[PDB]
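> model the following, please.
(one chain, ligands or ions: 7)
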Amino acid sequence: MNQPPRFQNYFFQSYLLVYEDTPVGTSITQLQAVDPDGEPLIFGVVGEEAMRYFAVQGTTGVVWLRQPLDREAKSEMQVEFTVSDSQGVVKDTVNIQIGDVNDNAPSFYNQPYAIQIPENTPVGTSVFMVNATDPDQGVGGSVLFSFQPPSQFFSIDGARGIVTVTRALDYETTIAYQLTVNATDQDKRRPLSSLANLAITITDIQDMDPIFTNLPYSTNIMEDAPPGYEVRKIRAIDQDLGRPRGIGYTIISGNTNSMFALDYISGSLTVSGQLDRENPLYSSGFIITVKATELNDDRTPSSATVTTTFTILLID
Ligand SMILES: [Ca+2]
Ligand SMILES: [Ca+2]
Ligand SMILES: [Ca+2]
Ligand SMILES: [Ca+2]
Ligand SMILES: [Ca+2]
Ligand SMILES: [Ca+2]
Ligand SMILES: [Ca+2]
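Numbering: from 1, shown residues only. Ligands and ions are numbered 1, 2, ... in the order given. See the structure here:
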């Protein structure tokens, strides 16, 4: 009594691994069967998808790949093979798993990457997160982030891609950082990587005292010089250039007999009294000190001040 053949390959009970990089023409396996009748057998494969991907040599059982594979497109196939004798056909299904190779670089997303942060951001603070996927499996899909070149002022966490400030920032030294993030997969035979720019703008904070312009201020004037005559226009600026504050100008000392007047807003230092060169109160001249004070929006004084001391002499 003729008996139908039986397939034997382990992979009918489990899966047949075919790596995605297998070239067209490669023999991916050989079907094996037993039949008790001393009779030739014919091997093949059925189904439109399977017959397009695989060729079976009728006579030997050898299975060949007809078509290129791509795990990231299709990771898996159900495939029915057949073995035939003089009596009929036997069919069994095989789950064919498409094995992964590291053939994709990491991809950044949510670009462009840029942030604005103020110069007083504390060391330790996390200011950005990069995002990247890699569709490969295992270590070939595991991403490590780093800065190339590395930064003295920022770090990025290898696994999480979180950027932190690692040294005190300062608008007065550096207003912009152009950093470069690297994303590398962990596949040790063939690693792959890609790059993204990260733009960090720095923002100004009031942390600089004002400073006097056009120094020095020591001036000689005619002893005859009348009331209203401008000795000098005094000028100071907020060194915080991003959102400067107004300045208030005062005379602190040495203005003997209220001889001079200093306009609070304009800095115009003028003669107010009648000059008398040899009066014993000021025969040596005037050693005047002047203060510029940064003002709050609402015109009340701040603590940011600067003083300069200069001499006014009187001439024949
Ligand atoms: Ca048979
Ligand atoms: Ca692929
Ligand atoms: Ca990869
Ligand atoms: Ca892959
Ligand atoms: Ca600063
Ligand atoms: Ca500042
Ligand atoms: Ca200031």
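
> please enumerate the strands of the stretch 51-200 of the chain.
Assigned by DSSP state E, counting those that start in this stretch, the stretch 51-200 of the chain shows strands spanning 54-56, 62-65, 76-84, 89-99, 107-109, 113-118, 126-129, 131-133, 143-147, 154-156, 162-165, 176-185, 193-203.

> nearest to residue 303, of those?
Of all these, strand 113-118 sits nearest to residue 303, with 19.6 Å by CB to CB. Yep, even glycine has a C-beta here, placed from its N, CA and C like the rest.

> show me what that closest one is packed up against.
strand 126-129, strand 193-203 (3 or more CB pairs under 8 Å, 6 or more residues apart in numbering; DSSP states H and E).

> turn the strands of the stretch 51-200 of the chain into a markdown table, including mean neighbour count.
A markdown table is the format used below for those (neighbours: other CB atoms under 10 Å):
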| stretch | mean neighbour count |
| --- | --- |
| strand 54-56 | 20 |
| strand 62-65 | 18 |
| strand 76-84 | 17 |
| strand 89-99 | 16 |
| strand 107-109 | 15 |
| strand 113-118 | 14 |
| strand 126-129 | 15 |
| strand 131-133 | 15 |
| strand 143-147 | 18 |
| strand 154-156 | 20 |
| strand 162-165 | 19 |
| strand 176-185 | 17 |
| strand 193-203 | 17 |
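
> circling back to that earlier point, how about the helices and strands packed on strand 113-118 in CSV, adding distance to ligand 3?
Output for those, formatted as CSV (distance: least, CB to the ion, whole Å):
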stretch, distance to ligand 3
strand 126-129, 20
strand 193-203, 9
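
> do the longest strand anywhere in the chain and ligand 6 meet?
Identified as the longest strand of the chain according to DSSP state E is strand 301-315. No. Strand 301-315 stays clear of ligand 6 (CB under 5 Å from the ion), getting no nearer than 10.7 Å.

> how close does residue 316 sit to residue 278?
Going from residue 316 to residue 278 by CB to CB, to the nearest Å gives 11 Å.

> how about residue 72?
On the measure of CB to CB, residue 72 and residue 278 end up 98 Å apart.

> this protein against ligand 7: which residues are in contact?
206, 208, 238, 240, 304.

> among the helices and strands packed on strand 113-118, which is nearest ligand 6?
Among these, strand 193-203 comes nearest to ligand 6, with 9.1 Å by CB to the ion.

> quick one: contacts of that closest one?
105-108, 111-119, 127-128, 130, 148, 154, 163, 169-171, 174-185, 242 (CB atoms under 8 Å, 6 or more residues apart in numbering).

> 7 Å instead?
105-108, 111, 113-119, 128, 130, 169, 171, 174-184, 242 (CB atoms under 7 Å, 6 or more residues apart in numbering).

> and the residue nearest the centre of the protein?
The C-alpha lying nearest the average C-alpha coordinate of the chain belongs to residue 198 (CA atoms, centre = their mean; 3.3 Å).

> now name the helix or strand holding residue 214.
If you go by DSSP states H and E, residue 214 is not part of any helix or strand.

> what residues are up against it?
residue 235.

> hey, what's the residue nearest to the centre of the chain bridged with?
Beta bridges link residue 198 to residue 113, residue 179, judged by DSSP bridges.

> any chance of the strands of the stretch 51-200 of the chain in CSV, with distance to ligand 6 too?
Output for the strands of the stretch 51-200 of the chain, formatted as CSV (distance: least, CB to the ion, whole Å):
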stretch, distance to ligand 6
strand 54-56, 70
strand 62-65, 66
strand 76-84, 60
strand 89-99, 58
strand 107-109, 33
strand 113-118, 9
strand 126-129, 18
strand 131-133, 32
strand 143-147, 26
strand 154-156, 19
strand 162-165, 16
strand 176-185, 15
strand 193-203, 9
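
> between those, which one is closest to ligand 2.
Comparing the strands of the stretch 51-200 of the chain by CB to the ion, strand 89-99 comes nearest, at 8.6 Å.

> spatially, what comes nearest to residue 6 if we skip its sequence neighbours?
For residue 6, ignoring the flanking residues on the chain, the nearest one in space by CB to CB, 6 or more residues apart in numbering is residue 34 at 5.6 Å.

> wait, doesn't that neighbour sit right on residue 4?
No. Residue 34 is beyond contact range of residue 4, at 10.3 Å (criterion: CB atoms under 7 Å).
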